[PDB]
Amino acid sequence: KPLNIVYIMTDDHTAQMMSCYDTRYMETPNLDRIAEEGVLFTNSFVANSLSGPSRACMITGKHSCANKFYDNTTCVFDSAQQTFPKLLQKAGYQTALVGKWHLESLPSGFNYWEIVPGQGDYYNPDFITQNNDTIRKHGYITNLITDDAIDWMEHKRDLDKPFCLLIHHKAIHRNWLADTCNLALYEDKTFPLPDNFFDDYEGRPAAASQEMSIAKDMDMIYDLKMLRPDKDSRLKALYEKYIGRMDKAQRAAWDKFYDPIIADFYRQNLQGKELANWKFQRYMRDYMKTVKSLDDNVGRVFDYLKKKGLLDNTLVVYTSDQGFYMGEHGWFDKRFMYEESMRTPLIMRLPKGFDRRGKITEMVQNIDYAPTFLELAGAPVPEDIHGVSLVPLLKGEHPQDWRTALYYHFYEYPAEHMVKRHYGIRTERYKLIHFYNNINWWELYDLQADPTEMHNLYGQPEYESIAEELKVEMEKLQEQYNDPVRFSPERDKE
């Protein structure tokens, strides 16, 4: 029969926290086994570095300007539009979705779905059944999503149709609540700060004006768990709501671990660089405790597929809705076109008939997933899709007409973290960014000389011709993808 697809996508995972990409921080042996028996994309990006927009780009193969899902705060996905799950059903597939959806409208084009409301919760999450009833799933969401994915494959799947299963995790979303079994891990880990952790944002006004600084914005109580009745913070009430979901046993285990860390913190006088360093270590540790459950649960899926003899005829994909700042530029979160958040990890275990192993370097984006899946399914690829099937790359081809540039557009401002709206072009060599709301500011980076984007070159006479050439190339992409911002900054959402 046609190939199956198992697509696993996390929330705010990132290459820096996957050992197949980066060995500074975290071991991810189960994620690494997907890449090891397949390929890893070294130049993998998103079109709009935010969860809902990324999820709309994923299912449509289109930039936000065409799918109309611009942000997490003002949009409801019009599910009448073309999506790859519906096209796969029309090609004889069954389709299934578990976990985070984050498109506001109910999933369509799925034979089975069971999702969280909005962002979901780590402990004792509510879910929404396919009848739009709310149910309680007691336990820890990374385990529960996996349980339901495997239950669907084992007991619900029609054995007479090929399938596409989407497994959409809440891990590793803020505020990084570990499962009971992992509470104690990584306390023996202390990391060097990133070289640009104390970035002064010279030449970069949108970098200066964000509210996603570990030092300044990360919340001692909500993010770093330092709750005590005599302490207050902006997000203390939200913190108490989220850990308030825990039952007595879950909270007792939580407190057994955190109570000593709380006591040790409040005994100290910490400020400035010493406090920023303390916050970074706690952030990294809690993030990594949260990754551990995710890696183990991806292992469960991998081991199940292997035992059932499904891997030979199944593409296994692992990615994140976007990358994430692990202290680069002093940040957490995403949103910017800057490299760490424009990038997203992408690894695939390749089925029988694809011998390629190792690294793929051609520039790929989340708008490419839909046409890839349709081609692998033997389904027609509609011309209105913006992305390009990656199947030639999986086959070891280097197409002469492969793209030389990617487009990007981020829209969610004013909003949480206060990242200005911006669009831009990224080539193999350069990135040109236009921040357009609520400032008018261009930036140019030489990604070869300056891969950490510390030196805005825009306005230097020796880069005038490069900047003008990139504007011409970017306008051609805006024409290709029909982004009306090319006409006026006020026409960014038409």
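One rule holds for the numbers: they count along the sequence shown, beginning at 1.
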Study note, to complete from the structure: Entry B factor averaged over C-alpha atoms, 269-277 against 378-386: higher for 269-277
Practice item. With reference to the PDB entry, specify whether the mean Cα temperature factor is higher for 110-118 or for 194-202. Key: 194-202
Practice item. Compare the CA B factors listed in the entry for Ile367, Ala96, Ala253, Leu294 and report the winner. Key: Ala253
Revision key, fill the gap. Top Cα B-factor in this entry, restricted to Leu470, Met17, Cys20, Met9, sits on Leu470
Exercise for review: Please place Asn132 in the lowest, middle or highest third of its chain by C-alpha B factor as given in the entry.
Suggested key: middle
Practice item. For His434, return the chain-relative third of its C-alpha B-factor as stated in the PDB record: lowest, middle or highest. Key: middle
Review point. By its CA B factor, does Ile466 count among the lowest, middle or highest third of the modelled residues in the chain?
Key: highest
Check your understanding: Taking the C-alpha B-factors as the PDB entry records them, is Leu224 in the lowest, middle or highest third of its chain?
Key -> middle
**Study point:** Third assignment of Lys352 from its chain's C-alpha B-factors
**Key:** highest
